[PDB]
Amino acid sequence: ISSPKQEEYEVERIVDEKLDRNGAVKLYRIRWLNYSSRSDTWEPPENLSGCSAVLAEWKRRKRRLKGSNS
């Protein structure tokens, strides 16, 4: 594009989440503009049993974003 550096802000780690009446999770939304630069996709939690890091930024963020309790 312009610079041959590693790669600037490469997406985030969880852009949204869908809970259930149980107040628990069920599905998550992951954005990625740097990659395709168009449209995001959804993936369930159980698959994020390897995105420990990604899930990590999210949790740390779960507090800030919205901010309630769940």
# chains A, B, ... in the order shown; residues from 1 in each chain; ligands from 1
call {"tool": "residues_around", "arguments": {"residues": "residue 12 (chain A)", "least_positions_apart": "5", "cutoff": "12 Å", "atoms": "only C-alpha atoms", "output": "list in words"}}
result
residues 29, 30, 31, 32, 33, 34, 35, 40, 51, 53, 54, 55, 56, 57, 58 and 61 of chain A
call {"tool": "atom_distance", "arguments": {"atom1": "CA of residue 62 (chain A)", "atom2": "CA of residue 13 (chain A)"}}
result
11.2 Å
call {"tool": "select_by_dssp", "arguments": {"residues": "region 29-63 of chain A", "states": "strand (DSSP E or B)", "output": "compact mmCIF listing (two decimals) with C-alpha atoms, in the first residue's frame"}}
result
# COMPACT_ATOMS: atom_id res chain seq x y z
CA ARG A 29 -19.01 -10.68 15.99
CA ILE A 30 -15.48 -10.22 14.67
CA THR A 41 -18.57 -12.40 10.20
CA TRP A 42 -19.94 -14.14 13.28
CA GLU A 43 -18.48 -17.08 15.16
call {"tool": "select_by_dssp", "arguments": {"residues": "chain A", "states": "alpha helix (DSSP H)", "output": "ChimeraX atom specification"}}
result
/A:52-62
call {"tool": "write_last_selection", "arguments": {"atoms": "N, CA and C atoms", "output": "mmCIF file, in the first residue's frame"}}
result
data_model
loop_
_atom_site.group_PDB
_atom_site.id
_atom_site.type_symbol
_atom_site.label_atom_id
_atom_site.label_comp_id
_atom_site.auth_asym_id
_atom_site.auth_seq_id
_atom_site.Cartn_x
_atom_site.Cartn_y
_atom_site.Cartn_z
ATOM 1 N N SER A 52 -7.437 -17.182 22.760
ATOM 2 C CA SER A 52 -7.173 -16.765 24.139
ATOM 3 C C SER A 52 -6.788 -15.287 24.212
ATOM 4 N N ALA A 53 -5.916 -14.862 23.305
ATOM 5 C CA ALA A 53 -5.489 -13.469 23.258
ATOM 6 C C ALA A 53 -6.662 -12.575 22.874
ATOM 7 N N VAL A 54 -7.291 -12.904 21.752
ATOM 8 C CA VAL A 54 -8.435 -12.148 21.259
ATOM 9 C C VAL A 54 -9.500 -12.029 22.341
ATOM 10 N N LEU A 55 -9.879 -13.166 22.907
ATOM 11 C CA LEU A 55 -10.860 -13.176 23.973
ATOM 12 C C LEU A 55 -10.372 -12.304 25.112
ATOM 13 N N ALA A 56 -9.059 -12.292 25.305
ATOM 14 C CA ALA A 56 -8.447 -11.518 26.369
ATOM 15 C C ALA A 56 -8.662 -10.020 26.202
ATOM 16 N N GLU A 57 -8.504 -9.481 24.986
ATOM 17 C CA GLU A 57 -8.700 -8.054 24.830
ATOM 18 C C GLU A 57 -10.170 -7.763 25.048
ATOM 19 N N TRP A 58 -11.019 -8.653 24.530
ATOM 20 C CA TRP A 58 -12.454 -8.483 24.674
ATOM 21 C C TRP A 58 -12.836 -8.384 26.148
ATOM 22 N N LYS A 59 -12.526 -9.416 26.937
ATOM 23 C CA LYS A 59 -12.848 -9.394 28.364
ATOM 24 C C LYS A 59 -12.381 -8.088 28.992
ATOM 25 N N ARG A 60 -11.104 -7.767 28.807
ATOM 26 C CA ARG A 60 -10.558 -6.533 29.352
ATOM 27 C C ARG A 60 -11.408 -5.339 28.918
ATOM 28 N N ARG A 61 -12.019 -5.465 27.743
ATOM 29 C CA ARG A 61 -12.853 -4.407 27.176
ATOM 30 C C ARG A 61 -14.307 -4.514 27.627
ATOM 31 N N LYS A 62 -14.743 -5.725 27.946
ATOM 32 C CA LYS A 62 -16.123 -5.950 28.381
ATOM 33 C C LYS A 62 -16.524 -4.959 29.464
#
call {"tool": "closest_residue", "arguments": {"among": "A:11, A:3, A:70, A:17", "to": "residue 37 (chain A)", "atoms": "only C-alpha atoms"}}
result
A:11
call {"tool": "residues_around", "arguments": {"residues": "residue 45 (chain A)", "least_positions_apart": "2", "cutoff": "8 Å", "atoms": "only C-alpha atoms", "output": "ChimeraX atom specification"}}
result
/A:25-28,43,47-49
